[PDB]
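Computed over heavy atoms, backbone and side chain alike; hydrogens, waters and symmetry mates excluded. The residues of the chain are indexed from 1 along the displayed sequence.
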Amino acid sequence: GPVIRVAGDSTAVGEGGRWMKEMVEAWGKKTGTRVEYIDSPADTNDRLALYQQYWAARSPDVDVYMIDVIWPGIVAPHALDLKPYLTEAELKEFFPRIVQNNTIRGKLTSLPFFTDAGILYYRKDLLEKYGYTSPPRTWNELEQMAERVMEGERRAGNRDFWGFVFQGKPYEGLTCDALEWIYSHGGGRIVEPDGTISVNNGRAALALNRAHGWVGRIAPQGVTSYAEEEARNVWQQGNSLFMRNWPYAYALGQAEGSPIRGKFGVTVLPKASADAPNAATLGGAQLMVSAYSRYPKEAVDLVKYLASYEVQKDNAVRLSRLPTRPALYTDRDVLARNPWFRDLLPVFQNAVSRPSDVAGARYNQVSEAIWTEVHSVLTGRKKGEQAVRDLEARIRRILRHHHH
Ligand SMILES: OC[C@H]1O[C@H](O)[C@H](O)[C@@H](O)[C@@H]1O
């Protein structure tokens with residue numbers, strides 16, 4: 001019988017790869033279908049380049065791909081339209097915003113699998129130890145808390161201790177972190193939904209200069225090479241007061257044998273001032289059937305199973321990853337395990353998107369521009385003012401003659 005082959009998630013990032021293979025194998029056992037899991041590199045932009053090799057070749061060697069929320073406009077030609085396979089009632093069980101994101105020129109490229117939003121992780125034990133009752137609401141507060149707690153923990157002999165870790169490596173995760181810095185300073189969305197390239201403004205410049213000012217001071221010098229896992233590893237070992245990361249790090253930090261089990265909470269990221277917007281970059285994964293799959297029916301069945309209530313529930317309970325089904329946010333077992341899913345649901349719903357809708361199939365080029373110009377500020381090569389001017393110019397060239 002057919003062998004259904006899946007590429008999605010990575011064994012290099014938390015438990016995602018391992019869990020994904022387990023789910024695919026469970027489907028295979030349930031249906032009596034042979035399955036194979038193909039592993040992927042950690043970083044989304046590397047995954048995209050890998051999958052593009054299969055797509056360019058029209059390869060039948062992968063039937064199902066896990067695709068990033070930023071990808072439908074790029075990958076649509078390589079996706080089987082799922083719309084004829086789903087009833088309107090079935091589709092309404094997912095958040096409509098994500099179904100819409102995944103629909104490109106009428107083609108439902110992919111089913112919503114898990115969502116994602118950037119959040120602030122904080123050491124509650126250390127806040128209490130140093131006289132703070134709440135996590136920081138403004139970036140200035142975050143800096144002040146980080147300096148005071150670092151001073152004390154260093155003095156007490158933890159030479160590995162930092163105030164803040166985040167994703168500063170030149171890759172897609174930095175575009176996510178930088179959108180949050182820029183938007184939370186009232187500096188806009190980099191490229192607005194209407195197409196306006198707005199990033200050349202003083203608030204965006206200030207956001208980038210602020211981030212530079214962390215490097216080597218409250219954040220390690222090496223933070224300019226950190227992706228999700230590098231940040232998480234410093235944090236999880238007990239060596240950072242604060243971390244910006246995604247939901248998945250919560251379950252990992254709570255696992256038996258984690259140095260920080262029971263010592264942390266999560267909240268919305270800080271912002272420049274009370275009247276700035278909260279920023280949480282929208283992330284997450286969707287499930288695509290390859291246009292080149294020889295087994296569309298079987299692959300659709302697998303995608304439906306993976307996106308089902310009980311599989312998403314398992315993802316939420318065991319891996320603290322966010323459902324794309326609103327009904328799961330009222331599920332007693334989901335909430336007992338992750339009470340913060342309720343507290344932060346409005347943050348998740350109000351997550352700010354990267355400019356993938358407006359950039360469409362040129363999104364990856366736009367994002368590479370963003371992360372390289374932002375990186376040049378983090379490394380000290382450029383100031384924020386020059387970097388946003390140069391970024392404006394780069395994005396104008398990329399998007400010239402593109403309309404949405
Ligand atoms: O590193 C950046 C990536 O981080 C997470 O995987 C998000 O789910 C994804 O949307 C984002 O592109």
Residues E153, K129: salt bridge by 4.0 Å N-O rule: yes
Plane angle bin for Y51 and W55 - parallel if under 30°, tilted between 30 and 60°, otherwise perpendicular: perpendicular
Geometric cation-pi criterion, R217 with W162: 6.0 Å, 45°: no
Pair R47 + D68: basic N to acidic O under 4.0 Å: no
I398 backbone acceptor or donor facing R362 side chain under 3.5 Å: yes
The single option from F242, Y250, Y122 passing ring pair (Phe, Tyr, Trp, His ring centres under 6.0 Å) against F264: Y250
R337 charged N/C atom sitting above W340 aromatic ring, 6.0 Å / 45°: no
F114 six-ring face occupied by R321 cation (under 6.0 Å, within 45°): yes
Name of the residue among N315, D9, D314 meeting side-chain hydrogen bond (donor to acceptor under 3.5 Å, both in side chains) with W19: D314
Salt-bridge contact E229-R232 (side-chain N to carboxylate O under 4.0 Å): yes
Salt-bridge criterion met for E141 and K271 (N-O under 4.0 Å): no
Summary of side-chain hydrogen bond (donor to acceptor under 3.5 Å, both in side chains) pairs that have at least one residue in residues 20-30, sequence neighbours excluded: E22-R318
Any pair counted as ring-ring contact (aromatic ring centres under 6.0 Å, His included), so long as it reaches residues 84-103, sequence neighbours left out: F95-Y329
Residues, nucleotides or ligands: over 12 heavy atoms within 6.0 Å of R210 CZ: yes
Side chain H375, main chain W371, donor-acceptor under 3.5 Å: no
